[PDB]
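Each chain gets a letter, A, B and so on, in the order the sequences are listed, and its residues count up from 1.
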Amino acid sequence: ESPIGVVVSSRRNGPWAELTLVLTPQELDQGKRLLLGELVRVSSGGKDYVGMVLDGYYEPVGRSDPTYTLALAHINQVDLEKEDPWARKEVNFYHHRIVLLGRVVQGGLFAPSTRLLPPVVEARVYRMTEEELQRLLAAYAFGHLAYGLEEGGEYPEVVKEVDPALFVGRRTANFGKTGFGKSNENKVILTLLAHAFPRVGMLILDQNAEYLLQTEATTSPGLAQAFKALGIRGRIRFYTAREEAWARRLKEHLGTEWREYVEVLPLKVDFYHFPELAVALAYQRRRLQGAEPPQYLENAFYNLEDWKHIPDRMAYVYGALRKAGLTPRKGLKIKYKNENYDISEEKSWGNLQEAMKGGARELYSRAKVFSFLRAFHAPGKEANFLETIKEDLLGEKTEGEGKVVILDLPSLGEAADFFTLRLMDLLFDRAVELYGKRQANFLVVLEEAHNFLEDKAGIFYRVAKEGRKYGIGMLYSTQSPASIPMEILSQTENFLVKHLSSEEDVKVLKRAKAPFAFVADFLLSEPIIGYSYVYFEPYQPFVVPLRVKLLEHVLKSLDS
Amino acid sequence: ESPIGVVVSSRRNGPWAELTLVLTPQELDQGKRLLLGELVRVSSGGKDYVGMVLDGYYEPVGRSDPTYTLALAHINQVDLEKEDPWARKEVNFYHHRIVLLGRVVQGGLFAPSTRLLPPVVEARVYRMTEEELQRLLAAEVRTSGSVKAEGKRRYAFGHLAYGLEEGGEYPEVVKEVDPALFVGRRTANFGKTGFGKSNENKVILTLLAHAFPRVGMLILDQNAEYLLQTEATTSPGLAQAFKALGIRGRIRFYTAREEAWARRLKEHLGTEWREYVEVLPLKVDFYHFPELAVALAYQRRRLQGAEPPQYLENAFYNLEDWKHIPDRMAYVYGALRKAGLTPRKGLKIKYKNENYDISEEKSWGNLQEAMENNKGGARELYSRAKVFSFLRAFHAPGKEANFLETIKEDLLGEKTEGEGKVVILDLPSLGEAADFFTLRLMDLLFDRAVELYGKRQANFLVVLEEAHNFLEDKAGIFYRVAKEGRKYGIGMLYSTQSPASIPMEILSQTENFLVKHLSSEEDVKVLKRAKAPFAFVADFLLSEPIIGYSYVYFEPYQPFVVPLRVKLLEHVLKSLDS
DNA sequence: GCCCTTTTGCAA
DNA sequence: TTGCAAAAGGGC
Ligand SMILES: Nc1ncnc2c1ncn2[C@@H]1O[C@H](COP(=O)(O)OP(=O)(O)NP(=O)(O)O)[C@@H](O)[C@H]1O
């Protein structure tokens with residue numbers, strides 16, 4: 001209820017205003033202290049500012065020689081707190097430096113910095129109450145305010161809550177050394193969003209096989225286990241090429257009713273049912289590559305729909321698929337001229353090949369251009385998982401349904417990169433096509449993003465630049481700010497930063513966002529696991545230190 | 001009418017003169033404060049100078065220990081406002097640093113900086129009044145001993161402001177701009193996304209349209225925000241502004257979603273929207289324009305390297321002569337049909353002396369039979385028809401428009417010369433071909449503009465978004481336009497959001513600058529290097545993310561950079577409506 | 001990483 | 001017989 005110290009000086013140091021505070025022997029003897037990085041209230045001219053404690057140093061006050069006095073007391077062996085109160089009362093001062101960050105105005109908005117420097121005689125500094133801190137953070141907890149690991153510097157009641165307005169339609173970056181909590185942070189945010197706001201969809205690109213089932217003691221549990229614990233049914237769609245191994249695994253950990261929580265789907269299709277899909281994939285593979293699809297590929301890409309009415313034209317497409325190595329289902333009848341062959345049988349295949357046009361004959365001749373499709377082909381599938389995912393995420397059925405689509409990238413081997421690029425392109429094109437009718441309203445979860453946001457001409461770069469218009473959020477983790485382009489870093493809205501050991505990383509971070517210049521020293525020298533610095537635009541344009549929650553504790557606590 | 005404080009020191013710090021001001025306890029207790037960046041009047045030796053407040057700090061005055069005094073007062077709960085006047089009067093001081101920018105002489109001439117250093121005993125500092133600020137914002141550099149121009153009409157662009165501080169806004173002090181500044185010159189609109197770029201771009205375009213009705217515009221609308229109000233805000237677009245001002249028959253909107261855009265135009269402008277905007281398609285019918293198809297197929301190979309094939313190179317140069325020979329043109333039409341383009345229903349091709357209808361399969365088969373059962377390069381073109389398949393994306397039957405030629409006529413036509421048209425291009429609807437078509441259109445517009453040098457000036461303004469994407473390439477048409485377009489009367493207004501990515505050659509020769517909040521350090525550093533006057537606002541621009549707050553600088557005769565809160569289009573329309 | 005150089009088929 | 005495409009290795 002009273003000022004902590006006395007303000008004795010103030011100035012403008014660069015783009016910020018700073019002031020000097022002095023703590024007296026009485027206040028120090030009452031146990032009053034100020035922690036570095038602590039948030040305080042500054043009253044000046046009838047206006048309230050938020051301030052941060054930056055520095056602290058000892059300096060003599062008045063006419064005194066603290067060194068001589070203390071050395072003499074030590075030499076003569078006098079207990080300074082019991083024999084010489086007046087000697088103890090002339091050296092027990094302490095100095096602090098406080099920077100003004102801005103002030104809260106009108107409807108919770110933040111006015112940054114200031115043009116008015118406060119005179120010393122009329123400036124006061126106050127300890128901030130939990131109600132004030134709660135208002136500061138607010139205008140399903142994910143973390144709570146903390147200062148380092150000091151006792152008394154923890155505020156379990158001051159929390160930052162998850163809210164779809166914070167994440168959907170906006171870009172979030174998750175940085176930190178390996179082993180410090182990026183994946184746990186992501187999973188806690190996603191579980192809270194799924195539990196509290198069930199109309200938000202997620203597209204998780206799982207490259208390490210950890211976001212569905214995770215039983216080893218090296219990470220937090222998976223989303224399937226979290227959803228089973230919280231009683232969330234029928235919201236996970238898992239795509240994989242190991243649909244039998246994963247089905248076996250799910251039954252040991254989710255029990256006999258695992259199908260109520262997870263739906264396993266294959267990443268394989270029958271290309272004798274989707275020749276247009278085969279041709280489109282072969283055509284797009286080269287655009288995603290350097291450049292210049294061939295003329296015989298553009299011709300097919302544009303005219304295969306026309307060809308479908310001509311059995312002679314379609315016979316050459318099926319022959320190209322069969323010659324590239326794709327296995328047909330037993331009893332597949334191909335009609336040529338005035339005869340029907342069974343390509344599944346070697347004798348009929350040879351007969352038709354010997355017995356065998358708008359550009360389809362060139363496609364048949366250059367059949368080895370389809371061999372890569374054999375990484376996706378499986379006879380008897382007839383699914384088109386690309387379209388299946390498209391209506392999972394952007395289907396008109398939703399208008400708010402909630403769909404967590406998890407892609408098991410490793411199972412695809414060396415086709416995963418091409419598959420990811422193609423799927424992202426399709427989803428973004430559909431989202432653009434639906435503009436003005438419905439919003440996408442889903443979040444792309446992207447780990448090790450430095451492999452996706454490198455080239456400016458990439459679909460992921462384009463999504464990061466233009467997803468806010470169409471309602472697509474992005475949440476990307478990289479372990480190192482220096483791995484991300486500065487153009488993306490500067491345009492990112494939300495930041496969640498754990499410990500970074502390198503000076504270059506913190507320099508890049510503060511070069512991207514100025515307010516991050518006040519925590520670089522803490523980041524460099526405090527390796528604490530699960531301790532985050534969070535920054536949100538435009539309502540919390542300043543860094544706040546949060547202690548993040550374990551997913552196990554969150555699950556055990558949300559049952560109440 | 002009294003000095004704010006007392007001047008205690010003066011010197012020169014580099015290319016500028018500076019002085020030190022002290023605010024005493026009596027002034028500080030009356031509420032007198034100086035804001036950072038505020039402009040003040042400095043009187044010295046009978047001359048008046050303009051100064052700006054740069055810094056502020058606390059320093060002891062005389063013999064006194066403020067720390068000990070204030071600590072002793074604090075430990076006794078002494079209120080240094082009603083209890084210890086003597087203790088308060090010994091510590092209540094404050095220091096400020098003020099730079100001398102120049103002075104106003106004669107009839108508004110601005111003399112920059114000064115060779116005289118004011119002595120400290122007779123120098124006085126005064127808070128500037130609104131009338132003085134109004135007269136100061138109108139001063140500019142002039143030759144010498146000459147009379148002021150007495151130029152054309154001027155319009156309010158924004159009003160003076162000093163951040164977000166209370167008492168820092170001066171709604172009666174407005175910066176008036178002559179729209180001719182934007183005609184034939186380069187304008188840079190830097191800033192973060194969502195901070196006012198679109199509003200000020202629309203204000204500039206509306207002022208140009210109202211003041212100079214003979215100047216045309218070519219807007220490459222990437223975000224689709226210049227025609228109507230987007231479904232995220234309610235700021236009127238160019239079409240609604242032109243309806244409000246009663247400007248008729250000037251907007252030509254090219255798009256591939258004519259039905260949706262016509263529905264929106266109806267719902268927003270009423271039932272007479274056709275009197276204000278004309279909607280045209282972006283798709284061509286290549287049976288009406290086989291020369292366009294041949295040119296596209298020929299130039300696609302060239303722009304990617306390697307010599308084009310002989311048959312394509314021959315067709316490019318001889319298709320106009322082939323038009324008089326139906327037997328030779330039938331092969332071109334057959335090549336298009338084989339490539340797969342869809343003909344308009346009822347199309348007829350005359351081969352030999354027989355008339356066929358390629359829109360029907362039986363007739364098409366008959367024509368194919370007759371064609372094979374050396375007419376220049378036409379037969380070689382027909383044999384290799386698969387070179388035209390890529391046109392299926394750009395083709396639509398029954399158009400007979402050729403937007404590429406229509407836009408060139410609109411912008412550089414003799415009949416349409418005068419009362420310049422406002423062409424707006426809906427780039428998103430083009431999909432992947434947007435950049436290709438934009439570059440082609442700009443090239444074929446620059447060529448015609450250079451050709452017409454002597455008979456008629458180009459006289460149109462190019463509106464480009466995310467300009468760092470196109471201005472990076474020094475071999476590009478947009479870089480060439482930025483460098484050379486002034487000679488042919490072609491202006492450029494570009495917004496980037498990342499000035500560091502724009503070459504210093506372009507930055508140094510830009511005339512108009514409007515800068516909003518910039519998050520990155522490199523962007524601000526490049527700005528300071530490019531223009532010296534932007535050195536006094538670098539700290540503000542980096543740490544003050546304020547929406548609608550801009551720093552403006554118009555070359556070459558503006559003294560210093562002016563911070564403004566810019567007027568909204570809604571209010572500008574009312575102002576022009578009175 | 002990118003820009004020549006070759007064998008091979010399809011045509012007319 | 002030669003021009004044109006298309007895939008692939010080699011030189012820079
Ligand atoms: N908030 C937390 N509180 C306590 N321990 C935590 C917290 N977050 C993470 N941990 C511990 O850190 C371990 C690894 O967490 P993890 O989420 O995998 O970090 P990470 O950033 O993803 N490492 P990596 O993905 O390899 O770069 C967990 O198994 C926990 O023991």
Asker: So which nucleotide from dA12(C), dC10(C), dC4(D) ends up closest to the side chain of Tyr311(B)?
Answerer: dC4(D)

Asker: Check this one for me: any side-chain N or O of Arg286(A) less than 4.0 Å away from OP1 or OP2 of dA6(D)?
Answerer: no

Asker: What's the closest nucleotide to the side chain of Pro309(B) if the choices are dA5(D), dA6(D), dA12(C)?
Answerer: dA5(D)

Asker: Looking only at the side chain of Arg361(A) (C-beta and beyond, no hydrogens), which of the listed nucleotides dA11(C), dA6(D), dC4(D) gets closest?
Answerer: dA11(C)

Asker: Counting only side-chain heavy atoms from C-beta out, which of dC10(C), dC4(D), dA6(D) sits nearest to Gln295(A)?
Answerer: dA6(D)

Asker: In whole Å, I'd like the distance from the CG atom of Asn314(B) to the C1' atom of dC4(D).
Answerer: 15 Å

Asker: Do other residues, nucleotides or ligands put more than 12 heavy atoms under 6.0 Å from the CZ atom of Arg302(B)?
Answerer: no

Asker: Can a side chain N or O of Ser383(B) be found less than 4.0 Å away from OP1 or OP2 on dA11(C)?
Answerer: no

Asker: What about the rings of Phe437(B) and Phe394(B), do their centers lie closer together than 6.0 Å?
Answerer: yes

Asker: Quickly work out the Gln289(A) CD to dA6(D) P distance and round it to whole Å.
Answerer: 16 Å

Asker: Give a yes/no answer on whether the side chain of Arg366(A) brings an N or O atom under 4.0 Å of OP1 or OP2 in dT8(C).
Answerer: no

Asker: Can we say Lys525(B) and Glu522(B) salt-bridge, meaning some charged N sits less than 4.0 Å from an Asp/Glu carboxylate O?
Answerer: no

Asker: Can you tell me if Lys362(B) and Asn366(B) form a side-chain donor-acceptor pair at under 3.5 Å?
Answerer: yes

Asker: So, is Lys386(B) close to the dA11(C) phosphate, meaning a side-chain N or O under 4.0 Å from OP1 or OP2?
Answerer: no

Asker: Rounded to whole Å, please give me the gap between CD in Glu372(B) and P in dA12(C).
Answerer: 10 Å

Asker: What is the separation between atom CG on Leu381(B) and atom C1' on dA12(C), rounded to the nearest whole Å?
Answerer: 15 Å

Asker: Write down the distance between OH (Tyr364(A)) and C1' (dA6(D)), rounded to a whole number of angstrom.
Answerer: 18 Å

